[PDB]
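**Q** My questions all concern the structure below.
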Amino acid sequence: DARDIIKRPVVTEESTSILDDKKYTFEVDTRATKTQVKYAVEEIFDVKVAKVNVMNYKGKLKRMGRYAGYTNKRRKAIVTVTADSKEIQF
Amino acid sequence: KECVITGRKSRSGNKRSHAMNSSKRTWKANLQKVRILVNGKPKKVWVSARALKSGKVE
Amino acid sequence: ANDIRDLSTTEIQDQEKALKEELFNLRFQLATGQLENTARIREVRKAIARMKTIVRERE
Amino acid sequence: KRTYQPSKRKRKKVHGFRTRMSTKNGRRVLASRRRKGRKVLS
Amino acid sequence: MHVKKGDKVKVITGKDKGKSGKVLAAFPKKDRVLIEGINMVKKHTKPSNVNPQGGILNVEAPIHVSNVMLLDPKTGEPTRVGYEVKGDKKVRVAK
RNA sequence: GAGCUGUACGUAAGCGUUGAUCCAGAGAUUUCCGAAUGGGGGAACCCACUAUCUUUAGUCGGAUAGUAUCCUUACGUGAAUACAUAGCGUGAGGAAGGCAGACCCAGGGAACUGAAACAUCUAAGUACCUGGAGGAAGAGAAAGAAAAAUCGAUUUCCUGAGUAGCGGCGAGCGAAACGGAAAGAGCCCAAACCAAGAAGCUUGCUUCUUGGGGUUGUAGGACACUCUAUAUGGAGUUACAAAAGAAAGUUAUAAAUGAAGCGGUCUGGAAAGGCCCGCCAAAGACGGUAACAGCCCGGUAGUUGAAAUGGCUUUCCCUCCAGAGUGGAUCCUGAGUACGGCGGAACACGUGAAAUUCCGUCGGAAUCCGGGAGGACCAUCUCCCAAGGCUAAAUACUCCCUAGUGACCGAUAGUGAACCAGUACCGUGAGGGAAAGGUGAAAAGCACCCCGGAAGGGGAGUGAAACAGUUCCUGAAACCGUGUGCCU
RNA sequence: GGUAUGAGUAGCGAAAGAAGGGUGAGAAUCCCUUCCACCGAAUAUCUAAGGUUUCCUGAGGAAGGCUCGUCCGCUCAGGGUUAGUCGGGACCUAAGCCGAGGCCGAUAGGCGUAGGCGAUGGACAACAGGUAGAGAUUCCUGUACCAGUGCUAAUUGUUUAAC
RNA sequence: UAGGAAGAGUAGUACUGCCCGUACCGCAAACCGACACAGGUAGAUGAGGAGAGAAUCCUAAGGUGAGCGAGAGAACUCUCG
Ligand SMILES: [Mg+2]
Ligand SMILES: [Mg+2]
Ligand SMILES: [Mg+2]
Ligand SMILES: [Mg+2]
Ligand SMILES: [Mg+2]
Ligand SMILES: [Mg+2]
Ligand SMILES: [Mg+2]
Ligand SMILES: [Mg+2]
Ligand SMILES: [Mg+2]
Ligand SMILES: [Mg+2]
Ligand SMILES: [Mg+2]
Ligand SMILES: [Mg+2]
Ligand SMILES: [Mg+2]
Ligand SMILES: [Mg+2]
Ligand SMILES: [Mg+2]
Ligand SMILES: [Mg+2]
Ligand SMILES: [Mg+2]
Ligand SMILES: [Mg+2]
Ligand SMILES: [Mg+2]
Ligand SMILES: [Mg+2]
Ligand SMILES: [Mg+2]
Ligand SMILES: [Mg+2]
Ligand SMILES: [Mg+2]
Ligand SMILES: [Mg+2]
Ligand SMILES: [Mg+2]
Ligand SMILES: [Mg+2]
Ligand SMILES: [Mg+2]
Ligand SMILES: [Mg+2]
Ligand SMILES: [Mg+2]
Ligand SMILES: [Mg+2]
Ligand SMILES: [Mg+2]
Ligand SMILES: [Mg+2]
Ligand SMILES: [Mg+2]
Ligand SMILES: [Mg+2]
Ligand SMILES: [Mg+2]
Ligand SMILES: [Mg+2]
Ligand SMILES: [Mg+2]
């Protein structure tokens, strides 16, 4: 499926700053290749993808009352659509 | 390293001095490499001299 | 659940797709902080599971 | 210069899971640490 | 539990024995019950919480279930509860 | 059958008598690593191939399935080499790894220690390693025990007995049978011989496969005759051949119902306690409830209950099945075996006068007119028939489950671990390895005011108590202070 | 396990600071300015290892910091790492390791052939600007290169056999 | 070369290019030394004057004032003239 591959959008000062530049930041399945992300985003949003950049974030160690543990490892994809392509909303 | 016919092989026991000091040793079987055909086809296998005594292939 | 069994396999398969599209939109709205009724998410997940259970029973 | 000059590779090659599994005595170690209930085998 | 929310119970132990009320809530995991106008506590509520004026709030506090007895509308007295089956589902019965 | 969305001190959004949450049975789903098995790898990662499908204008993508190795066994191909074998390929089956740090059997096998030293000996066939397992294992239907004249497979317990023995005759080691018990159960082959092939061609003789037959000692069988059976009966999956089913009952895995005091009064924060009256009891178990409850709650005795799955017991199905007598012409009755020498070991038994049992090595019988044993050995007598296999129960142990028990512990105890413990922490690693329980009945967890940046206080309030104030029952001693009666 | 004594004692870990201004409940110690001083084949700039979030921003000041603290590599929240071309893999092999069959061996295993794995070496295509709270040969701009792919167009070949 | 072969190259166009790492420290308060520890830590770059020089002294770029201070200016000790 395509909606298994794209988990959720990423809303931050950084992600929101590059929306105008037609770059959409998604949290994607940790197993998903940037090729799978390209074709998933095209299926879901009906856009035309120019490039996908991807980066792995390792889990962040957190403490809560003498119990310590790691947040989830994330895979973040930045999807640049074409000039002619329609925008994604958020 | 074992007789294919019988199962003769190394077994442990004692070497004893006069004065009866004991130390571990083995008794090896008198295994000889020979061509026989247990299976239809011939093959080089360990066989004890004792097993060869009397009737065998060779 | 019994209403799902009234449907054909192909019809159920179409309902799954519809629910997966819905679930994706919920997760998308949740992320952007626009959901409110957050209990819908669990409902839809269960529904999808229910669909796939019925279909596996058919075979 | 102290003992313990760390190397990620040397740590796993000498003490790692697959090295333990590669020998019978290595497997005894894993079995022993499972028996004691260690969080960390290897 | 022998009582449930809606039931008119008599309290048979504690500072409030003799007083009867209606069961506002049941906490069967704690085996406690909340009876209207029984076991009033003064909660010293900071203003931050729902109540933007705050103050000393006089509200009911849970009672242990074994400290109340069900009322039979016919007799109008406390009674032990037995269970009889009409046919479809079982119902509570006074004795 | 009314609440529910787990801890645990939340906020939010929701669900539920059109029966939720919850409990039990049965299904479905079950990422990656791990024997890990498509190849690789520094476990939880990387990289494929072959089909089929899908996507795109096509690369690029996606989905599903298959693809380890070995053994056994079919089949096909197939070298030196002519036949052929090896080899190679394909398809079936099967194995692999783990563990209850227990019990069991086997292979291998210490030392400290004891001997007041130490070498034989002991520790000890122990610890440990390795392999094999099974719910148990091992043993087991006499080539036995004996010699009260008889017993009748094995195992385990009591006894014999610290006896007989063994032993630098030291230290020590130490039986067995009889007797008494638990539990009991007996069987199948190999061989004569018969039939049917199959082959060798010894060319009508011989050895090979399948079936029948047949199982034992003053002998039994084959083989001759004879009587009855050919499912009449009998027996079974625990040996005695092996795979299937059903049905009924019963037990387990959820539950249901279930007697009797709101009794009066006293103290109290609260009554289950005191005093005074009742009552139930096949129910006075246990726990909870504001102090100690048969009658307040969950229950308890008793009596009911199962859609589903599993176990067990019966019955039926199904499956399988010859067993007495009479002779002794001949034939058969486990061979590199028994046994012996040499070297070791096991036997309580240390080579001894050393029987008995096993291993290596070499030598090597008899074979019914036969053979073994009775503690060197011979003779007599007695008892047995080895060199093939199977076999329940009485016995061992407990990672577990259910129900209980304790002149067992009660937080430095009891598990290392009452608490997120094999954690934290230490160590390259194997490995080592803690500390740490208690507010209250209920959060009623201290509104509000005051000093202070806060912390922390003082009031006020809650509460039975706050000198019970979120680590908060009690709160000893060391130790630290303030005050002062007597002294300096 | 707790708590003394030594004791307000030893120590406070190589070094140059100063004043003005600011912030703040509070300042030798935080921020800014100026002067002074120190390193400068380093005490500078990269980068491998190793560490693993320590990075940035906003709050904080119990504990940690040998003093202080408004500050911090500390506490709490949010954030932050972008590649056909850089380094590694979809390439190669060394030492070494594993190793189908195989050889050897009480068990376990040891050795070793084919074949594999294995960089510290071999091969291999991107540069300069810009931008900035936190990445940049990775983002953006410009200009490239490498390996492919389809789609147009001619061209040639289609069994002495282009390639 | 053995082999395999009807498709091959040339030009032009537009499109395609996966996984892992990338933060930050890195002669250091972030690595190895129990410590915000005078120790240890491979490699690239490493300016000027005078100089043979990467020596030396003073500086550049760049970095830094070192997580207790204020006085005092006895013995004594250390490190110096
Ligand atoms: Mg990347
Ligand atoms: Mg270390
Ligand atoms: Mg229901
Ligand atoms: Mg694999
Ligand atoms: Mg002694
Ligand atoms: Mg009752
Ligand atoms: Mg009173
Ligand atoms: Mg009390
Ligand atoms: Mg009590
Ligand atoms: Mg002997
Ligand atoms: Mg002996
Ligand atoms: Mg004899
Ligand atoms: Mg011999
Ligand atoms: Mg004899
Ligand atoms: Mg005798
Ligand atoms: Mg004797
Ligand atoms: Mg015999
Ligand atoms: Mg303890
Ligand atoms: Mg105590
Ligand atoms: Mg306290
Ligand atoms: Mg002093
Ligand atoms: Mg002094
Ligand atoms: Mg001093
Ligand atoms: Mg200092
Ligand atoms: Mg110099
Ligand atoms: Mg910082
Ligand atoms: Mg301080
Ligand atoms: Mg700060
Ligand atoms: Mg090599
Ligand atoms: Mg090689
Ligand atoms: Mg490689
Ligand atoms: Mg940076
Ligand atoms: Mg770009
Ligand atoms: Mg960087
Ligand atoms: Mg240092
Ligand atoms: Mg050096
Ligand atoms: Mg400068």
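**Q** So for segment A:59-70 (the condition being surrounded by 10 or more Cβ atoms within 10 Å (Cβ to Cβ), within 14 Å of chain C (Cβ to nearest Cβ) and more than 13 Å from RNA strand F (Cβ to nearest atom)), does at least one residue qualify?
**A** No: zero hits.
**Q** Test of understanding: among C:9, C:32, C:38, which residue is polar (S, T, N, Q), within 29 Å of residue A:12 (Cα to Cα) and more than 10 Å from chain A (Cβ to nearest Cβ)?
**A** Testing whether each residue is polar (S, T, N, Q), within 29 Å of residue A:12 (Cα to Cα) and more than 10 Å from chain A (Cβ to nearest Cβ) leaves just C:38.
**Q** Has segment A:40-47 got at least one residue that is under 12 Å from the mean Cα position of the chain (by Cα), within 15 Å of ligand 1 (Cβ to nearest atom) and not β-branched (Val, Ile, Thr)?
**A** No: segment A:40-47 contains no residue that is under 12 Å from the mean Cα position of the chain (by Cα), within 15 Å of ligand 1 (Cβ to nearest atom) and not β-branched (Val, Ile, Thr).
**Q** Restricting the search to segment C:16-29, which residues are surrounded by fewer than 16 Cβ atoms within 10 Å (Cβ to Cβ) and farther than 18 Å from residue A:11 by Cα?
**A** C:17, C:18, C:21
**Q** Residues that are without any contact (Cβ under 8 Å) to a residue 40 or more places away in the chain, at least 2 per element: which strands (runs of 3 or more DSSP E) completely within segment E:1-94 meet that?
**A** E:20-27, E:32-35, E:40-45, E:55-60, E:81-85, E:90-94
**Q** A further question follows. For residue C:17, are the conditions met, namely being within 12 Å of chain A (Cβ to nearest Cβ) and part of a helix (DSSP H, G or I)?
**A** In short, yes.
**Q** Another question, then. I'd like the full set of residues that are away from RNA strand H (no atom under 16 Å from the Cβ) and assigned to a strand (DSSP E or B), limited to segment A:53-88.
**A** Of everything in segment A:53-88, those that are away from RNA strand H (no atom under 16 Å from the Cβ) and assigned to a strand (DSSP E or B) turn out to be A:63, A:68, A:69.
**Q** Still on this model: Identify all residues within segment E:41-92 that are in contact with a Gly (Cβ under 9 Å, 6 or more places away or on another chain) and loosely packed, with under 10 Cβ neighbours inside 10 Å; write none if there are none.
**A** Matches in segment E:41-92: E:44, E:46, E:47, E:48.
**Q** I'd like the full set of residues that are surrounded by 15 or more Cβ atoms within 10 Å (Cβ to Cβ), part of a helix (DSSP H, G or I) and more than 11 Å from chain C (Cβ to nearest Cβ), limited to segment A:1-35.
**A** Once the filter is applied, which keeps residues that are surrounded by 15 or more Cβ atoms within 10 Å (Cβ to Cβ), part of a helix (DSSP H, G or I) and more than 11 Å from chain C (Cβ to nearest Cβ), segment A:1-35 yields only A:34.
**Q** Residue C:52: within 30 Å of residue A:19 (Cβ to Cβ) and either touching an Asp or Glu at 6+ places or on another chain (Cβ under 9 Å) or within 14 Å of another protein chain (Cβ to nearest Cβ) (or both), yes or no?
**A** Details: within 30 Å of residue A:19 (Cβ to Cβ): no; either touching an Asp or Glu at 6+ places or on another chain (Cβ under 9 Å) or within 14 Å of another protein chain (Cβ to nearest Cβ) (or both): yes.
So residue C:52 fails the test.
**Q** Just to be sure before I move on: is residue A:77 within 16 Å of ligand 1 (Cβ to nearest atom) and more than 13 Å from chain C (Cβ to nearest Cβ) in the structure I sent?
**A** yes
**Q** Based on what the data block shows, is residue B:25 in contact with a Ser or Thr (Cβ under 8 Å, 6 or more places away or on another chain) and assigned to a helix (DSSP H, G or I)?
**A** no
A short reminder: the numbers here are calculations on the coordinates, not readings from a lab. Please note: Cβ atoms are built from the backbone with ideal geometry, for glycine as well, and neighbour counts cover all protein chains shown.
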